[PDB]
Amino acid sequence: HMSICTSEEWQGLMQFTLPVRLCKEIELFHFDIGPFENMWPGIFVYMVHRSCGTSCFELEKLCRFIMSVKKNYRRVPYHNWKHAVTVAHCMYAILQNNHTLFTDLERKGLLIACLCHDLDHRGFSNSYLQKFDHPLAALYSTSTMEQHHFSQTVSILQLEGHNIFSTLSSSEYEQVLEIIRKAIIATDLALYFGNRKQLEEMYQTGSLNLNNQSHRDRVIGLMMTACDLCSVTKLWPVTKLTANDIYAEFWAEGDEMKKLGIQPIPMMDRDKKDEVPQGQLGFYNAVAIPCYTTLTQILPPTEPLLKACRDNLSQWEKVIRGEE
Ligand SMILES: CC(C)c1nc2ccc(OCc3ccc4ccccc4n3)cc2n1-c1ccccc1
Ligand SMILES: [Mg+2]
Ligand SMILES: [Zn+2]
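Each step along the sequence shown adds one to the number in the authors' numbering, with nothing skipped, and position 197 is 643.
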């Protein structure tokens, strides 16, 4: 009950070479994959190659897994293939600029989760499926979409010719799986708040140990949110247009509410269009700024994420004041 790729879909992936003129761009935190839909699955291979190495995975199983993932993504406005590769590119940028902090196992896993973290997302919030009343919320009633996504990842691994973690010991296979799980669950924005709080705590009182496994999981989750939210760290004209994809999904979920006679919260009510710039400023100030702040505290080399988040922030101010 998991879609797979065709043989030819993936064979096109093996043949793909990232163009020389993106070997620098790709390396930037602000890098916008938008223009290169053709290249996205290929972009992911290259990012894995550069980081983990040209023999970390067998070429054909990797390409079969990537292209099947693409397939188990839906043509929803924001929670789609383009967001999975985007998130994974941010993590790429993160891992590259922190080259000795993470293990072989972490790096390969975390890039794999980012690709999988929104697998088969419907374009409806948790709020929406639980609060009325999807078949997917009477299966996972605690982080609905997040246990689904992992569940999903696992299945794609478990098909024939697909298990890219073959050549790991029964031990290292069941270690990576646990990095992936924690990583995906960690992308539930509701969890993000305690965690960030707990890390500001551990940072300030001087008690953060990266030798500690569960403090690692803490840092990893943050890295995962920081990656989930990276729309807010692009260049302004990219940042705008991505906000356009997010709201169409919000709103279209808001529209399903009205169709059952239920007022959505203003976030998903398109009739409340011009409270967006206000909303974004709010979000940036309550969620995004803090996020990249804590992360830059802990991994200082992630700092341009904070820089670009601040530029975007002030653009919204200007929109709000009447000057963009
Ligand atoms: C990561 C992404 C899915 C996301 N989660 C979000 C959770 C909250 C949010 O508040 C905005 C807002 C709040 C209140 C409003 C009230 C009225 C109208 C619009 C309003 N807009 C934006 C959020 N965005 C987002 C991130 C970046 C870009 C776009 C969207
Ligand atoms: Mg998600
Ligand atoms: Zn996501």
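All C-beta atoms in this analysis are idealised placements derived from N, C-alpha and C, irrespective of residue type, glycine included.
Which two residues bound the contiguous alpha helix (DSSP H) that contains residue i?
i, result
"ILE631", "616-631"
"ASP715", "It is not in any alpha helix (DSSP H) - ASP715 carries neither H nor E in the DSSP assignment."
"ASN758", "749-767"
"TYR492", "486-498"
"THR739", "735-744"
"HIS535", "527-542"
"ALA583", "Run containing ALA583: none; DSSP gives neither H nor E here."
"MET669", "659-674"
"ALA698", "682-704"
"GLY555", "550-562"
"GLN457", "453-460"
"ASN572", "572-576"
"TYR638", "638-650"
"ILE512", "505-517"
"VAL466", "Neither: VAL466 is in no alpha helix (DSSP H) and is coded neither H nor E."
"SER601", "590-604"
"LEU727", "722-729"
Could you tell me whether any non-hydrogen atom of ligand 1 is closer than 8 Å to the CB of residue i?
i, result
"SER677", "yes"
"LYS718", "yes"
"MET713", "yes"
"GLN726", "yes"
"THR588", "no"
"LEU635", "yes"
"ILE708", "no"
"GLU721", "yes"
"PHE462", "no"
"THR532", "no"
"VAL522", "no"
"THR549", "no"
"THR688", "yes"
"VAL515", "no"
"residue 779", "This structure cannot speak to residue 779, because the chain is shown only from 447 to 770."
"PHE570", "no"
"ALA734", "yes"
"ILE692", "yes"
"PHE477", "no"
"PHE729", "yes"
Comparing the CB of residue i with every heavy atom of ligand 3, is any distance shorter than 8 Å?
i, result
"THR748", "no"
Starting from the C-beta of residue i, find all residues in its chain whose C-beta is less than 8 Å away, skip the five residues before and the five after it, and write them out in chain order.
i, result
"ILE766", "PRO723, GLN724, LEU727"
"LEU656", "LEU547, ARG662, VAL665"
"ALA672", "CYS536, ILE540, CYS737, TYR738, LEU741, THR748, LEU751"
"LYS643", "none"
"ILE512", "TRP456, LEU459, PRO487, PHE490, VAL491, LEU561"
"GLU721", "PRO712"
"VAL600", "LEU623"
Given 8 Å as the limit, tell me if residue i has its C-beta closer than that to any heavy atom belonging to ligand 2.
i, result
"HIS595", "yes"
"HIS580", "no"
"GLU695", "no"
"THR599", "no"
"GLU592", "yes"
"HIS545", "no"
"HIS567", "yes"
"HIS495", "no"
"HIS525", "yes"
Skipping 5 residues on each side, what residues in its chain have a beta carbon closer than 6 Å to that of residue i?
i, result
"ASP691", "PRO523, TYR524"
"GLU763", "none"
"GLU699", "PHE570, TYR574, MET714"
"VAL515", "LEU561"
"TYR519", "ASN526, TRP527"
"residue 440", "Because residue 440 is not part of the residues shown, which for the chain are 447 to 770, the question remains open."
"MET648", "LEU654"
Keeping to the same chain, check which residues put their C-beta closer than 7 Å to that of residue i; ignore five residues upstream and five downstream.
i, result
"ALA734", "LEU675, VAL678, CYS755"
"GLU646", "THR740"
"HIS567", "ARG520, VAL522, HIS525, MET591"
"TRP697", "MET714, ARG716"
"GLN743", "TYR649"
> Is it true that the segment 682-690 meets the segment 573-582, where meeting means three or more beta-carbon pairs spaced less than 8 Å apart?
Replying inline: no
> Residues near ligand 3, CB to any non-hydrogen atom under 5 Å, in chain order?
Replying inline: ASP564, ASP674
> Does the segment 626-638 come close enough to the segment 589-596 to have 3 or more Cβ pairs within less than 8 Å?
Replying inline: yes
>> Tell me whether the segment 579-588 and the segment 547-558 touch, counting them as touching only if at least three CB pairs, one residue from each stretch, are closer than 8 Å.
In response: no
> Three or more beta-carbon pairs under 8 Å between the segment 495-513 and the segment 597-617, yes or no?
Replying inline: Contact holds: three or more Cβ-Cβ distances are below 8 Å.
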